[PDB]
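Asks: Once you've had a glance at the structure underneath, I'll fire off some questions.
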There are 2 protein chains.
Amino acid sequence: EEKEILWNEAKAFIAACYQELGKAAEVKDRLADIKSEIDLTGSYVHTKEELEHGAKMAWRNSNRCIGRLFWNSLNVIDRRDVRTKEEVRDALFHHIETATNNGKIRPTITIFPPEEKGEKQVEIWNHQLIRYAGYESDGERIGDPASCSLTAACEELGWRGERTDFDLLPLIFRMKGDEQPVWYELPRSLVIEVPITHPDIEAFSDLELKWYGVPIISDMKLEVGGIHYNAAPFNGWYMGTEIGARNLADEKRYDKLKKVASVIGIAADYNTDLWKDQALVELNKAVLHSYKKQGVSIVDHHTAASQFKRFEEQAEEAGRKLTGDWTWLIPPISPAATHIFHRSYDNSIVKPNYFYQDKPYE
Amino acid sequence: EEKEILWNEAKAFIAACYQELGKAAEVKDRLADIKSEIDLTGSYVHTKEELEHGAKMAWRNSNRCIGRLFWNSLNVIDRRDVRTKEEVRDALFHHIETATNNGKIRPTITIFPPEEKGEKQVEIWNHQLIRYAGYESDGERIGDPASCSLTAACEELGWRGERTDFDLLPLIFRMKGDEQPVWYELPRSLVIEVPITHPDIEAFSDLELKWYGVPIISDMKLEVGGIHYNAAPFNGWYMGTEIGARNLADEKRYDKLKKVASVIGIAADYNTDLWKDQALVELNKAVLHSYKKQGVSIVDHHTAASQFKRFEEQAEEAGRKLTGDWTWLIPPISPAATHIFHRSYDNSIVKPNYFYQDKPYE
Ligand code: HEM
Ligand code: HEM
Ligand SMILES: Nc1cccc(CCc2cccc(OCc3ccc4ccc(N)nc4c3)c2)n1
Ligand SMILES: Nc1cccc(CCc2cccc(OCc3ccc4ccc(N)nc4c3)c2)n1
Ligand SMILES: [Cl-]
Ligand SMILES: [Cl-]
C-alpha cells in the first residue's frame with residue numbers, strides 16, 4: 001500500500017513543480033513514466049531539475065523560517081550516488097567548505113540517497129554538522145548542554161572530548177547494514193569560528209566567547225513528492241539573535257548574561273533595572289559586530305524582518321498563499337519592533353517541506 | 001429562546017461558583033429560584049457574592065493576562081442600582097479615585113446594570129476611562145493616533161481639545177433611551193500622571209514624555225452565568241512594557257524611538273547597531289524608574305512573569321486547568337528571558353470571562 005500514497009504525492013508535486021518551471025506540457029508523459037516506475041520498482045527517482053526545485057520549494061514552505069526571501073537561490077548539491085562512508089564523509093566535508101565559502105556563506109543543501117522502503121540508507125546523528133560538545137557530571141557543567149546526549153553517545157564509540165567549553169563534535173553517521181555509526185574528527189581548517197568582541201567595550205573579550213560560522217542543520221527530513229530524504233543537511237547564515245539571545249544567553253545553554261552584565265559594568269541585582277534586557281542588547285550587538293568584523297555572513301533581526309516583508313509581497317504578487325508560524329517568526333529581541341509581530345500568519349503545512357525525525361540515540 | 005441559553009449558562013456558573021465557595025449544598029435551591037425567575041422575568045439577578053466571585057473568575061480565565069496571580073483580590077464595586085447620567089458619571093469618578101488610591105493602585109472593577117434583552121442600559125464609549133486624545137489633519141500628527149476616531153466623535157458632540165500631545169479625553173457614555181451620549185471633563189485632581197525621566201541620563205527629560213497612572217479598560221463585556229455586563233470598567237496596574245514598548249514606542253502610537261536614541265547619545269543609522277533595541281531598553285528603564293519614583297504602582301515584565309509562574313503552580317495545586325494565549329502572554333521586550341516563552345498554553349475559552357464588543361462609533 002506504500003505506493004498508493006507515493007503516487008498521490010508525486011502527482012501533486014510534479015504538476016506544481018513543472019507548472020512553476022514552465023514545463024506544464026511535459027507533465028503528462030513524466031507522470032506515466034512515474035506510474036510505470038512505481039509499479040515496477042516500488043518508488044521513483046527525481047530528475048536533477050525536480051530535486052533542485054523541490055528542495056527550493058521546501059524552503060519556501062518552511063513556516064518557521066524568516067529567511068525565505070532567498071529560497072530560489074539555494075545551491076543544491078546532488079549526492080544520491082553515495083554508497084560508502086568515505087564518500088558520505090567527504091561530501092559532508094565538501095558541504096562545510098563550499099557553504100562556508102571563506103565567510104561569504106552560500107545557502108547550500110547536500111542531498112543523500114532517500115529512504116528506500118522507509119529503511120534509511122545514511123543516518124546522520126549530528127544535529128548540526130558543526131556544533132560544540134557538552135558534558136555534565138559531578139555537578140560540573142562544561143560546554144553546550146544541548147549537546148549532552150549526543151556527546152555521551154559519541155564517547156561510547158571511542159571518541160573523547162578535551163572538555164573545553166567549545167569542543168567540536170565529530171561527524172557521526174551510520175550506513176545501512178552497519179550497526180554502529182562511524183565518527184570522524186572535523187578538520188579544523190574547514191571550520192571558521194568567530195571570537196565575540198564588542199565594538200565599544202574592550203573588556204568584553206575577557207568573557208572568551210566564540211561561536212562557529214555556519215549553522216548546518218543535519219537532522220531534518222526533506223520530503224519532495226513522496227520521497228523521504230532523511231539525510232539532507234542544509235545551511236543558511238545565522239540571524240544574530242540565534243547566537244546572542246539563545247545559544248549564548250539561555251539558562252539551559254551557555255547562560256552568559258550575568259557575566260555579560262559584569263563586563264559591561266551594570267549591576268545584576270534588580271529586575272526593575274532591566275539588566276537582563278540591557279545585557280541581551282550588548283551581547284547581540286557584539287555578535288553582529290564580530291561576525292561582520294571577521295567577514296562572516298550574518299543578518300540582524302531588523303534586516304531579516306524587512307527581507308521577510310519582501311517575501312510576503314513576492315508571494316502575493318505571484319498568487320501563492322503565504323504560510324507562517326508567528327511564534328517562530330518573531331525574533332526573541334524587540335519583536336514588536338518588526339512588522340511580523342503586528343500581523344498574523346496561516347500555519348498550514350504545505351509540501352515539499354522539511355520535517356523533524358526521531359533521533360537514533362538517547 | 002433567549003432563556004434556554006441563559007438557563008444553561010446559569011447552571012454551569014452557579015454549580016462551579018458555589019463549589020469554589022464551599023456552598024455546594026445551597027446549589028439546589030438557588031437554581032430553582034433561578035428557573036422560576038427566568039420563566040417569570042426573562043432573566044435573573046446575581047447575588048452580591050455571585051457577582052463578586054464571577055468577576056474574579058472572569059479575570060482568572062483571561063487567557064491573555066499575565067497578571068492573574070492576584071485574581072482573588074479584585075475589589076468589586078456593585079453599581080447595578082445606577083439609573084441616571086449623574087450616577088454613572090459619579091461612579092466612574094469614584095472608580096478612578098478608589099482604584100488610584102494615591103498611587104497604591106487597587107485592582108478594581110465597577111459593575112453597572114447588565115444588558116436586559118441584549119438592549120444596553122449604559123454604553124461607555126471610552127476605551128479606557130483615562131486616555132489621551134489624538135488628531136490627524138493636513139498632515140499634522142498630534143497626540144495618540146489610537147484615539148483619533150473617538151476624539152473626532154467627541155468633537156462632534158461639542159467637546160474641543162487643546163491639541164497638546166496629552167489632552168485627556170472626557171468621559172463619554174450613552175444612557176438607554178437617550179440618543180446621543182453625554183460627555184464630562186475629567187477633574188484633573190483625580191488623574192495621576194507620571195513624567196518620564198531616566199535614572200542616569202538627565203537629558204531624557206528633554207523629551208517631555210508622560211503617561212497616566214492607571215489603565216482602566218472600559219469597553220469590554222463581562223459575562224457571568226449568561227448575564228452580559230457590557231459596562232464593567234476594570235483596572236490593574238501597568239506592566240512597564242505596555243508604556244515603554246508599545247504606547248510610547250509603536251510607529252502607530254507616539255513613535256518616540258528616534259528621539260530616545262538621540263537623547264541617549266547613540267546613532268540611529270544602521271540596523272546592525274541595534275539602536276532600536278537599545279532605545280527600547282532605556283525607554284523601558286525610564287518608565288519603571290519614573291513610576292516607582294513617583295509612588296505609582298507598576299511591575300516589570302520579569303517580576304510579572306515570575307508571578308505568572310506562581311499562578312500556573314497555584315492552578316495545578318488547585319486541580320484547575322490553566323488556559324493562556326502565548327502570543328499575548330510573552331512580553332514584547334526580551335520575551336525568551338521569561339519562562340512563558342519556553343512553554344505552551346491551551347488557548348481554550350472558559351467562562352466567566354471578559355470579551356470584546358463592537359464600538360458604538362466610527
Ligand atoms: C539564508 C539565511 C537564513 C536565515 C537567516 C534563516 C533564519 C531562520 C531562523 C532564525 C530560524 C529559527 C527561528 C526561531 O528560532 O524562532 C529558522 C528556522 C528554519 N529555517 Fe531558516 N534561515 C535561513 C536559511 C534557511 C535555509 C537555507 C533553509 C533550508 C533550505 C531553512 C529552513 C528553515 C527551517 C526548516 C526552519 C525551522 C526548523 C525547525 O522547525 O526546527 N532556512 N530560519
Ligand atoms: C493587577 C495588575 C495587572 C497586570 C500587570 C496585567 C497585565 C496585562 C497585560 C500586560 C495585558 C496585555 C498583554 C499584551 O499586550 O500582550 C493584559 C491583558 C488583559 N488583562 Fe490583565 N493585568 C492586570 C490586571 C487585570 C485585571 C484587574 C483584569 C480584570 C479584572 C485583567 C484582565 C485582562 C484582560 C481581559 C486582558 C486582555 C484584553 C484583550 O483581549 O484585549 N487584568 N493584562
Ligand atoms: N520557545 C520557543 C519559542 C519559539 C521558537 C522556538 C524555537 C527555538 C529553536 C530551537 C532549536 C532550533 C531552532 O532553529 C532550528 C533552525 C533550523 C534551520 C535554520 C536555518 C538557518 C538558520 N539561521 N537557523 C536555523 C535554525 C530554534 N522556541
Ligand atoms: N501584535 C500583538 C501581538 C500580541 C499581542 C498584542 C496586543 C497588544 C494590545 C493592544 C491593545 C490593548 C492591549 O491590552 C489591552 C489590556 C486589557 C486589560 C489590561 C489590564 C491590565 C493591564 N496592565 N493591561 C491591560 C491591557 C494589548 N498585539
Ligand atoms: Cl544554532
Ligand atoms: Cl494602555
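Chains: A, B, ... in order of the C-alpha cells. Residues: from 1 per chain. Ligands: from 1, in order shown.
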Based on only C-alpha atoms, which of the residues in chain A come within 6 Å of chain B? I want them as a CSV table (one decimal) with N, CA, C and O atoms, in the first residue's frame.

Replies:
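So iface-v9.csv came out as:
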chain,number,residue,atom,x,y,z
A,272,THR,N,13.8,45.4,38.1
A,272,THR,CA,13.4,46.7,37.6
A,272,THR,C,14.6,47.5,36.9
A,272,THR,O,14.3,48.5,36.2
A,277,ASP,N,17.8,42.7,30.0
A,277,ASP,CA,17.4,43.2,28.7
A,277,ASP,C,18.6,44.0,28.1
A,277,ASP,O,19.0,43.9,26.9
A,300,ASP,N,20.9,40.8,10.9
A,300,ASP,CA,20.2,41.2,12.2
A,300,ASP,C,18.8,41.0,12.0
A,300,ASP,O,18.3,40.9,10.8
A,332,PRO,N,13.4,36.9,19.2
A,332,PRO,CA,13.3,36.9,20.6
A,332,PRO,C,13.9,38.2,21.2
A,332,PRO,O,14.0,38.3,22.4
A,333,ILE,N,14.3,39.2,20.4
A,333,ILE,CA,14.7,40.5,20.8
A,333,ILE,C,13.9,41.6,20.2
A,333,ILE,O,13.6,41.5,19.0
A,334,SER,N,13.3,42.5,20.9
A,334,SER,CA,12.4,43.6,20.4
A,334,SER,C,11.5,43.1,19.3
A,334,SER,O,11.4,43.7,18.3
A,335,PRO,N,10.7,42.0,19.6
A,335,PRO,CA,9.8,41.5,18.5
A,335,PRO,C,8.8,42.6,18.0
A,335,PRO,O,8.6,42.6,16.8
A,336,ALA,N,8.2,43.3,18.9
A,336,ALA,CA,7.2,44.4,18.4
A,336,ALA,C,7.9,45.5,17.5
A,336,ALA,O,7.1,46.3,16.9

Asks: Enumerate residues in contact with ligand 5: an atom-to-atom distance of at most 8 Å, counting only C-alpha atoms and all ligand atoms. Format the result as number ranges by chain.

Replies: A: 128, 215, 238, 242-243, 247

Asks: Those residues you just picked out, can you put them in a file as an mmCIF file, in the first residue's frame with N, CA, C and O atoms?

Replies:
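The resulting file, selection-v4.cif, is shown below:
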data_model
loop_
_atom_site.group_PDB
_atom_site.id
_atom_site.type_symbol
_atom_site.label_atom_id
_atom_site.label_comp_id
_atom_site.auth_asym_id
_atom_site.auth_seq_id
_atom_site.Cartn_x
_atom_site.Cartn_y
_atom_site.Cartn_z
ATOM 1 N N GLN A 128 23.618 19.579 14.069
ATOM 2 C CA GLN A 128 24.294 20.391 13.067
ATOM 3 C C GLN A 128 25.651 19.767 12.741
ATOM 4 O O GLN A 128 26.276 19.167 13.614
ATOM 5 N N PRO A 215 25.671 27.562 10.549
ATOM 6 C CA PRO A 215 24.802 26.553 11.177
ATOM 7 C C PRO A 215 24.288 25.621 10.102
ATOM 8 O O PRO A 215 23.648 26.070 9.148
ATOM 9 N N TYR A 238 23.550 32.705 9.915
ATOM 10 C CA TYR A 238 22.860 32.947 11.183
ATOM 11 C C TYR A 238 22.082 34.251 11.167
ATOM 12 O O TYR A 238 22.512 35.244 10.577
ATOM 13 N N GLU A 242 20.030 34.348 17.132
ATOM 14 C CA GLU A 242 20.101 32.920 17.413
ATOM 15 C C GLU A 242 21.284 32.628 18.313
ATOM 16 O O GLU A 242 21.209 31.750 19.169
ATOM 17 N N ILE A 243 22.372 33.375 18.136
ATOM 18 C CA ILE A 243 23.574 33.242 18.940
ATOM 19 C C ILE A 243 23.482 34.071 20.199
ATOM 20 O O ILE A 243 23.725 33.580 21.302
ATOM 21 N N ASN A 247 21.670 30.812 22.050
ATOM 22 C CA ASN A 247 22.830 29.925 22.251
ATOM 23 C C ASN A 247 23.732 30.415 23.383
ATOM 24 O O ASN A 247 24.144 29.633 24.251
#

Asks: Using only C-alpha atoms and all ligand atoms, pick whichever of B:355, B:291, B:7, B:184 has the shortest atom-to-atom distance to ligand 4.

Replies: B:355

Asks: Using only C-alpha atoms and all ligand atoms, find each protein or nucleic acid residue lying at most 6 Å from ligand 3; present the set as a list in words.

Replies: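 After applying the 6 Å limit, what remains is residues 217, 235, 236, 237, 238, 239, 327 and 328 of chain A; 341 and 342 of chain B.
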
Asks: What's the 6 Å shell around stretch 220-231 of chain B, counting only C-alpha atoms, without same-chain residues fewer than 5 positions away, as a PyMOL selection string?

Replies: chain B and resi 6+9-10+13+54+112+114-115+352-356

Asks: With N, CA and C atoms kept, could you save the residues just selected as a compact mmCIF listing (two decimals), in the first residue's frame?

Replies:
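Written output follows (selection_39.txt):
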# COMPACT_ATOMS: atom_id res chain seq x y z
N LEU B 6 -29.70 31.05 28.58
CA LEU B 6 -29.40 31.62 29.89
C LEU B 6 -29.44 30.55 30.96
N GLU B 9 -26.23 28.41 30.94
CA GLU B 9 -25.07 29.12 31.46
C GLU B 9 -25.17 29.28 32.96
N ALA B 10 -26.38 29.54 33.46
CA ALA B 10 -26.57 29.75 34.89
C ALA B 10 -26.32 28.46 35.67
N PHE B 13 -22.51 28.08 35.74
CA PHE B 13 -21.86 29.07 36.59
C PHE B 13 -22.16 28.82 38.07
N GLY B 54 -17.89 35.97 40.42
CA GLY B 54 -17.92 35.77 38.99
C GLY B 54 -16.98 36.71 38.26
N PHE B 112 -21.90 47.92 36.25
CA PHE B 112 -23.13 48.65 36.00
C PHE B 112 -24.23 47.67 35.62
N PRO B 114 -26.68 45.21 33.75
CA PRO B 114 -26.34 44.41 32.56
C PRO B 114 -27.35 44.67 31.46
N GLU B 115 -27.03 44.17 30.25
CA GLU B 115 -27.98 44.19 29.15
C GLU B 115 -29.26 43.47 29.55
N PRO B 352 -16.85 32.32 33.50
CA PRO B 352 -16.88 33.77 33.22
C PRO B 352 -15.64 34.30 32.54
N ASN B 353 -15.79 35.37 31.78
CA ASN B 353 -14.66 35.92 31.05
C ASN B 353 -15.00 37.34 30.60
N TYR B 354 -13.99 38.06 30.12
CA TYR B 354 -14.16 39.39 29.50
C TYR B 354 -14.02 39.27 27.99
N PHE B 355 -14.90 39.96 27.25
CA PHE B 355 -14.94 39.81 25.80
C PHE B 355 -14.96 41.17 25.14
N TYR B 356 -14.52 41.18 23.90
CA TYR B 356 -14.64 42.36 23.06
C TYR B 356 -16.10 42.60 22.70

Asks: Compare A:20, A:86, A:4, A:202 by their minimum atom-to-atom distance to residue A:320, counting only C-alpha atoms, and give me the closest one.

Replies: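 The answer is A:20, which sits nearest to residue A:320.
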
Asks: To one decimal in Å, tell me the separation between atom CA of residue B:171 and atom CA of residue B:183.

Replies: 5.3 Å

Asks: In Å to one decimal, how far is atom CA of residue A:66 from atom 43 (N, counted along the ligand's line) of ligand 1?

Replies: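 Those two atoms sit 5.6 Å apart.
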
Asks: Which of stretch 106-209 of chain A counts as strand (DSSP E or B) under DSSP, as a PyMOL selection string please?

Replies: chain A and resi 108-111+122-124+128+132+134-137+140-143+168+171-175+182-184+193-195

Asks: Grab the residues selected above and save them as a PDB file, in the first residue's frame with C-alpha atoms.

Replies:
ATOM      1  CA  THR A 108      23.515  25.092   0.376  1.00  0.00           C
ATOM      2  CA  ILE A 109      21.887  21.671   0.767  1.00  0.00           C
ATOM      3  CA  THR A 110      23.597  18.298   0.099  1.00  0.00           C
ATOM      4  CA  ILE A 111      21.044  15.582  -0.704  1.00  0.00           C
ATOM      5  CA  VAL A 122      22.552   7.041   5.538  1.00  0.00           C
ATOM      6  CA  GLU A 123      21.590   8.154   9.054  1.00  0.00           C
ATOM      7  CA  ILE A 124      23.237  11.323  10.349  1.00  0.00           C
ATOM      8  CA  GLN A 128      24.294  20.391  13.067  1.00  0.00           C
ATOM      9  CA  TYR A 132      30.030  22.052  20.362  1.00  0.00           C
ATOM     10  CA  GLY A 134      28.501  19.277  26.231  1.00  0.00           C
ATOM     11  CA  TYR A 135      29.248  17.486  29.487  1.00  0.00           C
ATOM     12  CA  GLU A 136      27.501  17.096  32.866  1.00  0.00           C
ATOM     13  CA  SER A 137      28.871  15.057  35.749  1.00  0.00           C
ATOM     14  CA  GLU A 140      30.369  20.166  36.744  1.00  0.00           C
ATOM     15  CA  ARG A 141      28.883  21.953  33.677  1.00  0.00           C
ATOM     16  CA  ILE A 142      31.046  22.191  30.562  1.00  0.00           C
ATOM     17  CA  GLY A 143      30.253  23.172  27.003  1.00  0.00           C
ATOM     18  CA  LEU A 168      33.877  20.392  18.124  1.00  0.00           C
ATOM     19  CA  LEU A 171      30.769  13.934  12.339  1.00  0.00           C
ATOM     20  CA  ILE A 172      28.830  10.847  13.314  1.00  0.00           C
ATOM     21  CA  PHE A 173      26.604   8.855  10.992  1.00  0.00           C
ATOM     22  CA  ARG A 174      25.542   5.265  10.340  1.00  0.00           C
ATOM     23  CA  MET A 175      25.330   3.412   6.986  1.00  0.00           C
ATOM     24  CA  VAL A 182      31.295   5.795  12.454  1.00  0.00           C
ATOM     25  CA  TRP A 183      32.762   9.118  13.530  1.00  0.00           C
ATOM     26  CA  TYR A 184      35.369  11.447  12.009  1.00  0.00           C
ATOM     27  CA  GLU A 193      34.883  30.364  14.252  1.00  0.00           C
ATOM     28  CA  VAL A 194      34.267  33.943  15.354  1.00  0.00           C
ATOM     29  CA  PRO A 195      35.560  35.282  18.703  1.00  0.00           C
TER      30      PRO A 195
END

Asks: My list of candidates is B:264, B:232, B:21, B:150. Which is closest to residue B:113 when distances are computed with only C-alpha atoms?

Replies: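 Smallest separation from residue B:113 among the options: B:232.
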
Asks: Could you pull out the helix (DSSP H, G or I) residues of stretch 280-315 of chain A, going by DSSP on the backbone, and write them as number ranges by chain?

Replies: A: 280-294, 301-315

Asks: Let me make sure I understand: among A:17, A:2, A:329, A:319, which one has the smallest atom-to-atom distance to residue A:43 if we use only C-alpha atoms?

Replies: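 Nearest candidate to residue A:43 out of A:17, A:2, A:329, A:319: A:2.
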
Asks: List the neighbours of residue A:325 out to 7 Å using only C-alpha atoms; skip same-chain residues closer than 5 positions along the sequence, and give me the result as a PyMOL selection string.

Replies: chain A and resi 63-64+345+347

Asks: For the selection just defined, write its residues with N, CA, C and O atoms to a file, as a PDB file, in the first residue's frame.

Replies:
ATOM      1  N   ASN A  63       7.270  27.230   7.298  1.00  0.00           N
ATOM      2  CA  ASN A  63       6.534  28.285   8.002  1.00  0.00           C
ATOM      3  C   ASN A  63       7.387  28.996   9.032  1.00  0.00           C
ATOM      4  O   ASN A  63       7.121  30.152   9.367  1.00  0.00           O
ATOM      5  N   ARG A  64       8.380  28.306   9.611  1.00  0.00           N
ATOM      6  CA  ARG A  64       9.065  28.895  10.753  1.00  0.00           C
ATOM      7  C   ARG A  64      10.256  29.760  10.342  1.00  0.00           C
ATOM      8  O   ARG A  64      10.883  30.376  11.212  1.00  0.00           O
ATOM      9  N   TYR A 345      -0.449  34.934  10.640  1.00  0.00           N
ATOM     10  CA  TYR A 345       0.009  34.048   9.581  1.00  0.00           C
ATOM     11  C   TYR A 345      -0.727  32.721   9.653  1.00  0.00           C
ATOM     12  O   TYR A 345      -0.974  32.191  10.743  1.00  0.00           O
ATOM     13  N   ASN A 347      -0.680  29.005   9.576  1.00  0.00           N
ATOM     14  CA  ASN A 347       0.323  27.987   9.879  1.00  0.00           C
ATOM     15  C   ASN A 347       0.038  26.660   9.166  1.00  0.00           C
ATOM     16  O   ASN A 347       0.463  25.607   9.631  1.00  0.00           O
TER      17      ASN A 347
END
